[PDB]
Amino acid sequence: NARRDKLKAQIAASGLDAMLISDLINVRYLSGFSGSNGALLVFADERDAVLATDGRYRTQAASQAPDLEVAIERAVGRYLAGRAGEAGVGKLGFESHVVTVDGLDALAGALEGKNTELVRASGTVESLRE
(Lines of atoms letter the chains of each structure in order from A and count residues from 1; the text may use other names and numbers.)
(Lines give C-alpha, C1' and ligand atoms only; values in the text may rest on other atoms or scores of the structure.)
Protein backbone atom coordinates (compact mmCIF):
# COMPACT_ATOMS: atom_id res chain seq x y z
CA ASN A 1 0.00 0.00 0.00
CA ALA A 2 1.50 3.32 -1.18
CA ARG A 3 0.26 5.39 1.75
CA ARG A 4 1.50 2.90 4.32
CA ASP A 5 4.86 2.77 2.53
CA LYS A 6 5.16 6.58 2.70
CA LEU A 7 4.30 6.33 6.42
CA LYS A 8 7.08 3.77 6.97
CA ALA A 9 9.61 6.27 5.64
CA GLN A 10 8.35 8.90 8.08
CA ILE A 11 8.26 6.42 10.97
CA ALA A 12 11.93 5.62 10.29
CA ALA A 13 12.85 9.29 9.86
CA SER A 14 11.28 10.04 13.25
CA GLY A 15 13.47 7.38 14.93
CA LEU A 16 10.58 4.98 15.55
CA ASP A 17 10.32 1.23 14.86
CA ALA A 18 6.51 1.21 14.59
CA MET A 19 3.48 3.41 15.02
CA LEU A 20 0.09 2.82 16.55
CA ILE A 21 -2.59 4.77 14.70
CA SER A 22 -5.67 5.53 16.86
CA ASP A 23 -7.31 8.54 15.08
CA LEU A 24 -10.07 7.07 12.92
CA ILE A 25 -9.42 9.61 10.14
CA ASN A 26 -5.87 8.30 9.95
CA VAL A 27 -6.87 4.65 10.28
CA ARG A 28 -9.26 5.15 7.35
CA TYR A 29 -6.58 6.97 5.30
CA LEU A 30 -4.08 4.15 5.76
CA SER A 31 -6.32 1.08 5.57
CA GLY A 32 -9.64 1.94 3.90
CA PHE A 33 -11.44 0.75 7.06
CA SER A 34 -14.25 3.12 8.10
CA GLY A 35 -15.65 1.44 11.24
CA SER A 36 -16.23 3.56 14.33
CA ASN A 37 -13.76 1.53 16.37
CA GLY A 38 -10.38 0.57 15.01
CA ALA A 39 -6.64 0.91 15.34
CA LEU A 40 -3.73 0.14 13.05
CA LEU A 41 -0.13 -0.94 13.76
CA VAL A 42 2.42 -0.04 11.06
CA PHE A 43 6.06 -1.19 11.24
CA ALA A 44 9.06 0.79 9.97
CA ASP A 45 10.55 -2.31 8.33
CA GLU A 46 9.08 -4.78 5.81
CA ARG A 47 6.57 -6.34 8.25
CA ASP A 48 2.94 -5.89 7.23
CA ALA A 49 0.47 -3.74 9.11
CA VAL A 50 -2.11 -5.14 11.54
CA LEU A 51 -5.68 -3.79 11.83
CA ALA A 52 -7.67 -4.31 15.03
CA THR A 53 -11.39 -3.78 15.46
CA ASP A 54 -14.23 -5.32 17.45
CA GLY A 55 -16.74 -8.02 16.48
CA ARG A 56 -19.33 -5.52 15.14
CA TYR A 57 -16.94 -4.89 12.24
CA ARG A 58 -15.55 -8.33 11.37
CA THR A 59 -17.33 -8.51 8.01
CA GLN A 60 -16.60 -4.85 7.16
CA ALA A 61 -12.89 -5.09 7.92
CA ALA A 62 -12.71 -8.20 5.74
CA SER A 63 -14.26 -6.39 2.74
CA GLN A 64 -12.63 -2.98 3.25
CA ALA A 65 -9.10 -4.14 4.20
CA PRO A 66 -8.62 -7.62 2.70
CA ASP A 67 -4.88 -6.94 2.35
CA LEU A 68 -4.41 -6.70 6.14
CA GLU A 69 -4.38 -9.12 9.04
CA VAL A 70 -7.38 -8.18 11.20
CA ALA A 71 -7.50 -8.94 14.90
CA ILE A 72 -10.91 -8.93 16.58
CA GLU A 73 -10.43 -7.54 20.09
CA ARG A 74 -12.25 -5.69 22.88
CA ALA A 75 -9.48 -3.08 23.40
CA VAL A 76 -7.94 -2.46 20.00
CA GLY A 77 -5.13 -0.03 20.89
CA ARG A 78 -4.02 -2.07 23.84
CA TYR A 79 -4.02 -5.25 21.77
CA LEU A 80 -1.82 -3.66 19.11
CA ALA A 81 0.62 -2.19 21.63
CA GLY A 82 0.94 -5.73 23.04
CA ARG A 83 1.62 -7.06 19.54
CA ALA A 84 4.28 -4.38 19.07
CA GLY A 85 6.01 -5.45 22.32
CA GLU A 86 5.95 -9.12 21.27
CA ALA A 87 7.42 -8.11 17.88
CA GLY A 88 10.45 -6.49 19.63
CA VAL A 89 9.58 -2.90 18.71
CA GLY A 90 11.99 -0.55 20.53
CA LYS A 91 10.15 2.71 20.02
CA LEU A 92 6.38 2.69 19.35
CA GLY A 93 4.81 5.96 18.23
CA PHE A 94 1.28 6.76 19.40
CA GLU A 95 -1.15 9.57 18.75
CA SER A 96 -1.13 11.71 21.87
CA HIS A 97 -3.78 14.02 20.35
CA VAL A 98 -6.40 11.28 20.69
CA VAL A 99 -5.16 8.59 23.15
CA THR A 100 -6.53 9.36 26.66
CA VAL A 101 -4.49 9.30 29.87
CA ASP A 102 -6.31 6.11 30.93
CA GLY A 103 -5.74 4.76 27.41
CA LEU A 104 -1.99 5.38 27.59
CA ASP A 105 -1.86 3.57 30.97
CA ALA A 106 -3.47 0.57 29.20
CA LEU A 107 -0.97 0.69 26.31
CA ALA A 108 1.87 0.83 28.87
CA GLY A 109 0.36 -2.12 30.77
CA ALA A 110 0.36 -4.21 27.60
CA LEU A 111 4.10 -3.53 27.30
CA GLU A 112 5.11 -4.37 30.88
CA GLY A 113 8.37 -6.35 30.89
CA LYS A 114 9.07 -5.51 27.24
CA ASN A 115 11.69 -3.02 26.17
CA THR A 116 9.26 -0.93 24.15
CA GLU A 117 9.03 2.82 24.78
CA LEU A 118 5.83 4.68 23.90
CA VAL A 119 6.72 7.86 22.03
CA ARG A 120 4.44 10.80 21.22
CA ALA A 121 4.02 10.85 17.43
CA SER A 122 0.94 12.95 16.59
CA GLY A 123 1.34 14.50 13.15
CA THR A 124 3.18 11.63 11.54
CA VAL A 125 0.24 10.52 9.39
CA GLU A 126 -0.83 14.12 8.69
CA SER A 127 2.67 14.76 7.27
CA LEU A 128 1.67 12.59 4.29
CA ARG A 129 -1.23 14.81 3.15
CA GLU A 130 -1.11 17.90 0.88
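The numbering used is simple: start at 1 and walk along the sequence shown.
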Assert higher mean C-alpha B factor (34-42 or 66-74, deposited values) equals 66-74
Comparing mean C-alpha B factor in the record for 76-84 and 54-62, the higher one is 54-62
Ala49: CA B-factor among chain residues, third -> middle
Binned into thirds over the chain's modelled residues, the C-alpha B-factor of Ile11 lands in the highest
Of the three thirds of the chain ranked by Cα temperature factor, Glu112 occupies the highest
